[PDB]
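J.: Dropping a structure here in structure tokens format, bear with me for questions.
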Amino acid sequence: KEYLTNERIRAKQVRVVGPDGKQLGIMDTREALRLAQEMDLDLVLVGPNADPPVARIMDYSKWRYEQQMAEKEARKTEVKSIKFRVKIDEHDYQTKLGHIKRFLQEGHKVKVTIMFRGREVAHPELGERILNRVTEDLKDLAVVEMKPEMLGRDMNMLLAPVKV
Amino acid sequence: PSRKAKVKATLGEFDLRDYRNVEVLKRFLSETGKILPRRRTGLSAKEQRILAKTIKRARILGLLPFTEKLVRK
Amino acid sequence: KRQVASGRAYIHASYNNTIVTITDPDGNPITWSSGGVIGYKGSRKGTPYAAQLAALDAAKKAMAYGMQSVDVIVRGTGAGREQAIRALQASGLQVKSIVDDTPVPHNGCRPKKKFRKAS
Amino acid sequence: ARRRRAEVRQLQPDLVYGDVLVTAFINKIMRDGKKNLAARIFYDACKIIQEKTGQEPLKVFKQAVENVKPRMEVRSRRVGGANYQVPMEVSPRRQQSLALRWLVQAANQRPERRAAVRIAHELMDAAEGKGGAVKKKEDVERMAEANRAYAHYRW
RNA sequence: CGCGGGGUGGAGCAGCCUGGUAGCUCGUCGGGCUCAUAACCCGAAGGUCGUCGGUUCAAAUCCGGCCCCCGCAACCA
RNA sequence: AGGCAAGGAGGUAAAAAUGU
RNA sequence: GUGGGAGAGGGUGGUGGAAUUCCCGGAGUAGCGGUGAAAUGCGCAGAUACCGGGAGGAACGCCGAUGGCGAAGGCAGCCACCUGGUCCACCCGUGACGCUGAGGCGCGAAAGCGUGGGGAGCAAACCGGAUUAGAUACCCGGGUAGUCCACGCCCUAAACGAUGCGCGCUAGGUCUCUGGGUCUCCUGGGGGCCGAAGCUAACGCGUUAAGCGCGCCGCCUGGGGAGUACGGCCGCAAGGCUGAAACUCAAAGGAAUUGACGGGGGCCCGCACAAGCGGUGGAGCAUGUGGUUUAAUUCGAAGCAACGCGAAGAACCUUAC
Ligand SMILES: [Mg+2]
Ligand SMILES: [Mg+2]
Ligand SMILES: [Mg+2]
Ligand SMILES: [Mg+2]
Ligand SMILES: [Mg+2]
Ligand SMILES: [Mg+2]
Ligand SMILES: [Mg+2]
Ligand SMILES: [Mg+2]
Ligand SMILES: [Mg+2]
Ligand SMILES: [Mg+2]
Ligand SMILES: [Mg+2]
Ligand SMILES: [Mg+2]
Ligand SMILES: [Mg+2]
Ligand SMILES: [Mg+2]
Ligand SMILES: [Mg+2]
Ligand SMILES: [Mg+2]
Ligand SMILES: [Mg+2]
Ligand SMILES: [Mg+2]
């Protein structure tokens with residue numbers, strides 16, 4: 001994802017855009033560089049595809065750093081995927097339910113996802129049967145986000161906390 | 001494996017149980033306040049033990065160091 | 001604003017960060033440097049190079065208080081105690097001596113579980 | 001590669017100037033084994049150098065090489081479960097080779113028409129202490145300094 | 001009816017607020033990796049940001065209305 | 001000064017489920 | 001008995017520093033700590049690191065051992081007290097007073113529980129963070145009981161030398177610690193190691209025997225069921241002792257041996273990775289295959305070692321559909 005700086009800029013007449021919400025026109029590469037120098041914020045080819053390449057006057061590195069930080073923040077609060085079957089047992093089901101409950105308590109969203117084989121005929125019903133029941137059980141902690149929808153080789157149900 | 005000198009060897013005849021005898025005693029300690037072992041002192045097990053006890057007693061008084069510092073490093 | 005020329009350098013070293021505190025010959029600390037002081041967060045914080053850098057920084061700081069006379073005191077062992085010492089020797093101070101001093105317990109309280117298995 | 005250190009090849013040196021480095025450079029330039037193609041190219045570049053920047057073309061090349069030779073390089077080791085870019089010294093021959101490679105890359109990376117010309121220009125830049133090869137070298141040096149901590153994983 | 005907040009690749013959510021420059025996780029499909037399955041990794045596929053506008057050289061972004069979704073009150077009668 | 005070795009350091013030896 | 005000796009034996013009273021934390025004081029500022037990486041965590045009310053003191057509680061560095069003590073559990077700062085065991089030397093006193101021990105009585109780590117205190121660290125549970133498909137876990141940040149003491153109770157253990165105690169005999173050597181000697185060597189008592197004979201299923205044991213005997217006690221008669229039920233006793237509880245059967249399986253096992261295997265070690269190798277040059281995957285097409293479709297898409301080949309393979313020549317032929 002290269003928004004390109006200073007003399008990473010090959011294009012002749014770049015659309016020299018300012019830092020904020022201003023422009024300087026469609027000016028040369030050298031001109032753009034000079035402008036960047038003036039602001040001390042780098043010249044950055046943020047839209048190369050655009051009607052002459054969009055060349056923002058921004059400090060590139062700092063911006064990138066900020067973006068990275070934001071990304072990191074986004075990493076976390078999160079979603080737990082509880083994977084059911086068609087051939088899954090009653091004790092197993094209970095275990096899964098318990099896990100889901102724990103997750104809810106913690107403050108995590110819940111993708112209860114069923115993983116299917118062949119017999120996508122007597123798969124969907126069983127997926128519903130398990131998942132619906134589970135949802136009914138955890139109603140006290142959980143507002144269902146996504147209902148039991150069959151999606152080709154899988155089935156999803158999702159639960160969100162009522163409150164945390 | 002350390003063969004410079006032995007503390008009993010460099011020495012003449014002396015008493016083990018006198019803590020009040022620091023000159024002959026500051027010899028069994030390390031540069032750091034630490035007791036030299038059998039293979040650095042050269043005493044009988046029994047004798048060594050006695051010496052250790054005496055050293056401890058001295059420390060408790062204040063004659064010999066509990067510890068100090070190693071230098072130069 | 002204090003001005004001393006004379007004193008000591010403690011290098012306390014954990015394997016996580018090799019800290020260096022410069023003090024006057026009383027035991028009153030003027031200026032100090034560690035890994036995070038030289039930016040360095042985490043992993044590298046207590047690497048030999050980091051320690052060296054910290055030492056250099058400390059020396060520089062001391063110099064800003066006309067300081068020359070410095071008695072080294074290494075407390076514990078970290079990633080770079082020896083390197084730190086070397087840096088100090090080089091850095092720009094009249095070094096007194098490298099005093100080796102561990103804060104070893106005389107069989108104290110129970111160590112942590114990481115420091116368990118030492119037994 | 002587990003027995004002897006395995007010899008470096010004994011290059012037949014240059015026909016024109018009388019040097020092995022030159023030959024090596026030529027070889028580096030040449031892909032597809034088309035030597036007298038690229039040897040000619042090299043000679044053209046030399047000529048250009050002589051004309052443009054009035055100086056002995058071998059000497060210029062040598063200077064360029066010297067400029068781009070990096071004494072510190074970066075390797076890579078997975079240690080602990082994290083991949084540290086390892087800063088280490090370079091052996092002389094290896095360093096030289098690296099420099100040559102970089103020069104050749106720069107010659108290709110240049111925006112102008114004819115290869116010989118490009119090569120010549122690149123060499124001139126290197127001699128000056130500038131261009132693409134030099135930049136690459138600088139970057140490498142930085143890397144061997146922004147990672148100078150993990151230095152202790154001494155291979 | 002009164003007020004606040006939000007509507008975004010299939011779902012959850014970042015970014016809006018500070019005009020230009022849309023990300024991650026789950027899901028879809030394909031591959032890899034593996035002796036093989038999950039797990040894994042990668043991609044590839046896939047959003048104009050509810051919508052109609054205007055602003056401005058240029059809107060997810062500044063602004064209005066409608067459409068929704070959440071909640072709080074709705075009093076004297 | 002090197003020669004070997006003893007001991008103390010500290011760095012490294014990541015993680016990776018199953019069964020035709 | 002007398003003369004000695006060694007020792008972390010036990011209890012009672014004290015003290016001695018390092019260290020930790022916590023408090024005050026000082027100087028000092030931008031992070032510390034933490035990790036395979038990180039994050040939670042603390043820090044500008046100023047942490048951390050450094051010095052000065054003080055407050056505690058706990059443990060005892062070096063010596064320290066492959067060592068010493070006890071009957072075992074166990075036990076280490078040091079000193080004092082009370083106090084056990086034991087070893088030698090003299091062979092002086094007694095004249096078989098002994099050995100063993102069902103029961104019984106006593107001790108009995110650690111955890112646990114009761115009553116009261118104390119509480120620094122560590123730290124189950126627990127609350128966090130990461131790690132992870134998941135994380136009740138390994139890793140980090142806290143954190144309660146507990147660890148510590150008194151008094152009471154609990155009585156189990158890989159309570160191990162997995163070797164019941166007692167004595168007599170049956171090569172040595174070698175190191176150790178501890179006593180006496182006529183002291184470069186003898187002779188006792190312990191602790192180890194190597195090995196004669198012998199024993200053993202082999203490993204190994206081998207004067208500290210698992211050798212040869214004798215003495216007495218404890219227990220065993222396939223594994224699982226199960227140290228469970230059932231009773232009985234004990235306990236404030238947790239549980240403990242005491243201890244089956246029904247059924248079920250033709251095994252449960254030990255010791256070694258050959259291999260194989262190991263995210264066991266050492267020594268090696270190979271284009272195995274690195275170092276390098278050029279690709280493959282992205283494009284079209286050439287082909288072979290899987291899948292799918294067909295009236296039939298003949299049949300096989302299957303990870304490396306099936307996939308420009310049989311096919312080194314499919315228009316009919318070939319050809320098998
Ligand atoms: Mg006596
Ligand atoms: Mg303070
Ligand atoms: Mg008699
Ligand atoms: Mg008589
Ligand atoms: Mg804790
Ligand atoms: Mg977690
Ligand atoms: Mg947890
Ligand atoms: Mg913890
Ligand atoms: Mg209690
Ligand atoms: Mg037993
Ligand atoms: Mg008995
Ligand atoms: Mg004994
Ligand atoms: Mg003996
Ligand atoms: Mg025999
Ligand atoms: Mg033997
Ligand atoms: Mg037997
Ligand atoms: Mg039991
Ligand atoms: Mg009962």
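Residues in the structure tokens are named by chain (A, B, ... in the order shown) and by number from 1 within that chain; ligands are numbered from 1 in the order shown.
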Write out as a ChimeraX atom specification which residues come within 12 Å of residue 143 of chain G when counting only C-alpha atoms (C1' of nucleotides), dropping same-chain ones fewer than 6 positions away.
T.: /G:122-128
J.: Since we have the selection now, will you write its residues out, keeping N, CA, C and O atoms (P, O5', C5', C4', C3', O3' and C1' of nucleotides), as a PDB file, in the first residue's frame?
T.:
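Dumped to out-v1.pdb:
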```pdb
ATOM      1  P     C G 122       6.515 -11.995  45.538  1.00  0.00           P
ATOM      2  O5'   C G 122       6.347 -13.575  45.639  1.00  0.00           O
ATOM      3  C5'   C G 122       7.459 -14.469  45.420  1.00  0.00           C
ATOM      4  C4'   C G 122       7.145 -15.822  46.008  1.00  0.00           C
ATOM      5  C3'   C G 122       5.911 -16.494  45.432  1.00  0.00           C
ATOM      6  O3'   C G 122       6.231 -17.235  44.259  1.00  0.00           O
ATOM      7  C1'   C G 122       5.897 -16.640  47.807  1.00  0.00           C
ATOM      8  P     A G 123       5.249 -17.203  42.997  1.00  0.00           P
ATOM      9  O5'   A G 123       3.854 -17.671  43.608  1.00  0.00           O
ATOM     10  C5'   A G 123       3.671 -19.029  44.039  1.00  0.00           C
ATOM     11  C4'   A G 123       2.513 -19.138  44.998  1.00  0.00           C
ATOM     12  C3'   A G 123       1.139 -18.866  44.409  1.00  0.00           C
ATOM     13  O3'   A G 123       0.754 -19.986  43.632  1.00  0.00           O
ATOM     14  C1'   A G 123       1.307 -17.951  46.593  1.00  0.00           C
ATOM     15  P     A G 124      -0.373 -19.832  42.529  1.00  0.00           P
ATOM     16  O5'   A G 124      -1.697 -20.060  43.382  1.00  0.00           O
ATOM     17  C5'   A G 124      -2.851 -20.660  42.787  1.00  0.00           C
ATOM     18  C4'   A G 124      -3.038 -22.056  43.313  1.00  0.00           C
ATOM     19  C3'   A G 124      -4.451 -22.600  43.148  1.00  0.00           C
ATOM     20  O3'   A G 124      -4.608 -23.271  41.902  1.00  0.00           O
ATOM     21  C1'   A G 124      -3.784 -22.824  45.403  1.00  0.00           C
ATOM     22  P     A G 125      -5.516 -22.631  40.749  1.00  0.00           P
ATOM     23  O5'   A G 125      -6.755 -22.035  41.553  1.00  0.00           O
ATOM     24  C5'   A G 125      -7.813 -22.905  41.984  1.00  0.00           C
ATOM     25  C4'   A G 125      -8.641 -22.286  43.086  1.00  0.00           C
ATOM     26  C3'   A G 125      -9.622 -21.203  42.669  1.00  0.00           C
ATOM     27  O3'   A G 125     -10.735 -21.671  41.922  1.00  0.00           O
ATOM     28  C1'   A G 125      -8.627 -20.622  44.733  1.00  0.00           C
ATOM     29  P     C G 126     -11.056 -21.011  40.499  1.00  0.00           P
ATOM     30  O5'   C G 126     -11.078 -19.445  40.816  1.00  0.00           O
ATOM     31  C5'   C G 126     -12.080 -18.844  41.672  1.00  0.00           C
ATOM     32  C4'   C G 126     -11.715 -17.414  42.011  1.00  0.00           C
ATOM     33  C3'   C G 126     -11.588 -16.471  40.827  1.00  0.00           C
ATOM     34  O3'   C G 126     -12.859 -16.026  40.366  1.00  0.00           O
ATOM     35  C1'   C G 126      -9.775 -16.123  42.315  1.00  0.00           C
ATOM     36  P     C G 127     -13.085 -15.730  38.802  1.00  0.00           P
ATOM     37  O5'   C G 127     -12.335 -14.341  38.584  1.00  0.00           O
ATOM     38  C5'   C G 127     -12.805 -13.146  39.233  1.00  0.00           C
ATOM     39  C4'   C G 127     -11.836 -12.011  39.025  1.00  0.00           C
ATOM     40  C3'   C G 127     -11.376 -11.756  37.602  1.00  0.00           C
ATOM     41  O3'   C G 127     -12.374 -11.197  36.756  1.00  0.00           O
ATOM     42  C1'   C G 127      -9.572 -11.472  39.108  1.00  0.00           C
ATOM     43  P     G G 128     -12.317 -11.462  35.175  1.00  0.00           P
ATOM     44  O5'   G G 128     -11.240 -10.389  34.681  1.00  0.00           O
ATOM     45  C5'   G G 128      -9.959 -10.795  34.155  1.00  0.00           C
ATOM     46  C4'   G G 128      -8.968  -9.653  34.159  1.00  0.00           C
ATOM     47  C3'   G G 128      -8.020  -9.664  32.965  1.00  0.00           C
ATOM     48  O3'   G G 128      -8.539  -8.942  31.860  1.00  0.00           O
ATOM     49  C1'   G G 128      -6.745  -9.801  34.937  1.00  0.00           C
TER      50        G G 128
END
```
J.: Tell me the residues of chain D close to chain C, meaning within 9 Å using only C-alpha atoms, as a VMD selection string.
T.: chain D and resid 148 to 152
J.: Using only C-alpha atoms (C1' of nucleotides), find each residue in chain F having at least one atom no more than 10 Å away from chain D; report its shortest atom-to-atom pair and that distance in Å (one decimal), rows by chain then rising number, as a tab-separated table.
T.:
```
residue	atom	partner	partner_atom	distance
F:11	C1'	D:152	CA	7.7
F:12	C1'	D:79	CA	8.0
F:13	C1'	D:80	CA	9.2
F:14	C1'	D:80	CA	4.3
F:15	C1'	D:81	CA	7.1
```
J.: Ligand 1: which residues are within 9 Å, counting only C-alpha atoms (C1' of nucleotides) and all ligand atoms? Reply as a ChimeraX atom specification.
T.: /G:2-4
J.: Write out as a PyMOL selection string each polymer residue whose atoms come within 12 Å of residue 159 of chain A, counting only C-alpha atoms (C1' of nucleotides); drop sequence neighbours fewer than 4 positions from it.
T.: (chain A and resi 79-82+97+100-101+103-104+107-113+131-132+134-148+163) or (chain E and resi 11-12)
J.: Which residue out of G:130, G:99, G:54, G:85 has the minimum interatomic distance to ligand 7 when only C-alpha atoms (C1' of nucleotides) and all ligand atoms are used?
T.: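 Closest residue, counting only C-alpha atoms (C1' of nucleotides) and all ligand atoms: G:130.
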J.: Taking only C-alpha atoms (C1' of nucleotides) into account, find every residue of chain B that has an atom no more than 12 Å from chain F, and write it out as an MDAnalysis selection string.
T.: chainID B and resid 1:3 39
J.: Can those selected residues be exported to a file as a PDB file, in the first residue's frame so that it contains N, CA and C atoms?
T.:
```
ATOM      1  N   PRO B   1      41.454 -25.546  37.537  1.00  0.00           N
ATOM      2  CA  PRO B   1      40.903 -26.078  38.797  1.00  0.00           C
ATOM      3  C   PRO B   1      41.612 -25.589  40.095  1.00  0.00           C
ATOM      4  N   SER B   2      42.210 -24.387  40.040  1.00  0.00           N
ATOM      5  CA  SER B   2      42.825 -23.671  41.197  1.00  0.00           C
ATOM      6  C   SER B   2      43.904 -24.419  42.035  1.00  0.00           C
ATOM      7  N   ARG B   3      45.173 -24.151  41.700  1.00  0.00           N
ATOM      8  CA  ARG B   3      46.366 -24.622  42.442  1.00  0.00           C
ATOM      9  C   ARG B   3      47.410 -23.475  42.588  1.00  0.00           C
ATOM     10  N   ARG B  39      39.047 -27.317  49.230  1.00  0.00           N
ATOM     11  CA  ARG B  39      40.021 -27.329  48.137  1.00  0.00           C
ATOM     12  C   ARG B  39      40.700 -25.969  47.900  1.00  0.00           C
TER      13      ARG B  39
END
```
J.: Show me, as a PyMOL selection string, the residues of chain G whose atoms get within 6 Å of chain C, using only C-alpha atoms (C1' of nucleotides) for the distance check.
T.: chain G and resi 18-19+27-28+50-51+59-61+121-122
J.: Residues at most 10 Å from ligand 16, using only C-alpha atoms (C1' of nucleotides) and all ligand atoms? Could they come as a list in words?
T.: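 Counting only what the definition allows, namely only C-alpha atoms (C1' of nucleotides) and all ligand atoms, the set is residues 163, 199, 200, 201, 205 and 210 of chain G.
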J.: Pull out every residue of chain D sitting within 10 Å of chain G, counting only C-alpha atoms (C1' of nucleotides), and send them as JSON, numbers by chain.
T.: {"D": [1, 2, 3, 28, 31, 32, 75, 76, 79, 80, 81, 82, 83, 94]}
J.: Taking only C-alpha atoms into account, report as a list in words which residues of chain C lie within 8 Å of chain B.
T.: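 Every residue of chain C that passes the 8 Å test is in residues 97, 98, 99, 100 and 101 of chain C.
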J.: Output N, CA and C atoms for every residue in that selection, as a CSV table (one decimal), in the first residue's frame.
T.:
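The file below, selection-v1.csv, is the result:
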```csv
chain,number,residue,atom,x,y,z
C,97,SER,N,37.0,2.3,40.1
C,97,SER,CA,37.1,0.8,39.9
C,97,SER,C,35.7,0.2,39.7
C,98,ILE,N,35.7,-1.0,39.1
C,98,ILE,CA,34.6,-1.8,38.8
C,98,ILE,C,34.3,-2.7,40.0
C,99,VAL,N,33.4,-2.2,40.9
C,99,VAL,CA,33.0,-3.0,42.1
C,99,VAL,C,31.9,-3.9,41.7
C,100,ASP,N,32.1,-5.2,41.9
C,100,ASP,CA,31.2,-6.3,41.6
C,100,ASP,C,30.4,-6.5,42.9
C,101,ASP,N,29.1,-6.2,42.8
C,101,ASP,CA,28.2,-6.4,44.0
C,101,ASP,C,26.8,-6.9,43.7
```
J.: Show me which residues are within 9 Å of ligand 2 counting only C-alpha atoms (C1' of nucleotides) and all ligand atoms, and format the list as a ChimeraX atom specification.
T.: /G:24-26
J.: Please extract the residues at most 9 Å from ligand 18, counting only C-alpha atoms (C1' of nucleotides) and all ligand atoms, and provide them as an MDAnalysis selection string, using the chain letters and residue numbers of this document.
T.: chainID G and resid 230:232
J.: 10 Å from ligand 15 is the threshold here; counting only C-alpha atoms (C1' of nucleotides) and all ligand atoms, which polymer residues fall inside it? Answer as an MDAnalysis selection string.
T.: chainID G and resid 193:195 204:206 209
J.: For the selection you just gave me, I'd like the residues written to a file as a PDB file, in the first residue's frame, keeping N, CA, C and O atoms (P, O5', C5', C4', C3', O3' and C1' of nucleotides).
T.:
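The result, written out as out_10.pdb:
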```pdb
ATOM      1  P     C G 193      26.686 -46.513  46.203  1.00  0.00           P
ATOM      2  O5'   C G 193      28.074 -46.747  45.449  1.00  0.00           O
ATOM      3  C5'   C G 193      28.364 -46.071  44.206  1.00  0.00           C
ATOM      4  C4'   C G 193      29.833 -46.159  43.851  1.00  0.00           C
ATOM      5  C3'   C G 193      30.308 -47.467  43.244  1.00  0.00           C
ATOM      6  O3'   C G 193      29.865 -47.675  41.908  1.00  0.00           O
ATOM      7  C1'   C G 193      31.899 -46.724  44.818  1.00  0.00           C
ATOM      8  P     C G 194      29.320 -49.120  41.467  1.00  0.00           P
ATOM      9  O5'   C G 194      30.662 -49.958  41.260  1.00  0.00           O
ATOM     10  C5'   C G 194      31.537 -49.663  40.155  1.00  0.00           C
ATOM     11  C4'   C G 194      32.872 -50.356  40.302  1.00  0.00           C
ATOM     12  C3'   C G 194      32.862 -51.874  40.268  1.00  0.00           C
ATOM     13  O3'   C G 194      32.696 -52.343  38.931  1.00  0.00           O
ATOM     14  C1'   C G 194      34.377 -51.096  41.932  1.00  0.00           C
ATOM     15  P     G G 195      32.053 -53.792  38.648  1.00  0.00           P
ATOM     16  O5'   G G 195      33.312 -54.765  38.786  1.00  0.00           O
ATOM     17  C5'   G G 195      33.163 -56.193  38.958  1.00  0.00           C
ATOM     18  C4'   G G 195      34.166 -56.716  39.962  1.00  0.00           C
ATOM     19  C3'   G G 195      33.730 -57.953  40.739  1.00  0.00           C
ATOM     20  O3'   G G 195      34.141 -59.132  40.040  1.00  0.00           O
ATOM     21  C1'   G G 195      34.454 -56.267  42.249  1.00  0.00           C
ATOM     22  P     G G 204      23.297 -53.027  35.340  1.00  0.00           P
ATOM     23  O5'   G G 204      22.643 -52.619  36.735  1.00  0.00           O
ATOM     24  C5'   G G 204      23.319 -52.861  37.984  1.00  0.00           C
ATOM     25  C4'   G G 204      22.420 -53.614  38.935  1.00  0.00           C
ATOM     26  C3'   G G 204      23.031 -53.922  40.294  1.00  0.00           C
ATOM     27  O3'   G G 204      22.884 -52.834  41.202  1.00  0.00           O
ATOM     28  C1'   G G 204      22.036 -55.883  39.413  1.00  0.00           C
ATOM     29  P     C G 205      24.030 -52.525  42.285  1.00  0.00           P
ATOM     30  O5'   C G 205      23.942 -53.771  43.275  1.00  0.00           O
ATOM     31  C5'   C G 205      22.804 -53.934  44.142  1.00  0.00           C
ATOM     32  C4'   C G 205      22.840 -55.269  44.844  1.00  0.00           C
ATOM     33  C3'   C G 205      24.023 -55.517  45.756  1.00  0.00           C
ATOM     34  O3'   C G 205      23.925 -54.764  46.952  1.00  0.00           O
ATOM     35  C1'   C G 205      23.507 -57.485  44.553  1.00  0.00           C
ATOM     36  P     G G 206      25.108 -53.775  47.339  1.00  0.00           P
ATOM     37  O5'   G G 206      26.389 -54.730  47.298  1.00  0.00           O
ATOM     38  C5'   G G 206      26.867 -55.409  48.485  1.00  0.00           C
ATOM     39  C4'   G G 206      27.285 -56.841  48.206  1.00  0.00           C
ATOM     40  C3'   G G 206      28.779 -57.112  48.237  1.00  0.00           C
ATOM     41  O3'   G G 206      29.223 -57.279  49.571  1.00  0.00           O
ATOM     42  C1'   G G 206      27.830 -58.167  46.346  1.00  0.00           C
ATOM     43  P     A G 209      24.079 -55.531  54.735  1.00  0.00           P
ATOM     44  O5'   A G 209      24.483 -56.107  53.306  1.00  0.00           O
ATOM     45  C5'   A G 209      23.968 -55.510  52.101  1.00  0.00           C
ATOM     46  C4'   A G 209      23.460 -56.575  51.164  1.00  0.00           C
ATOM     47  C3'   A G 209      22.521 -57.616  51.782  1.00  0.00           C
ATOM     48  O3'   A G 209      21.288 -57.668  51.068  1.00  0.00           O
ATOM     49  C1'   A G 209      24.205 -58.652  50.470  1.00  0.00           C
TER      50        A G 209
END
```
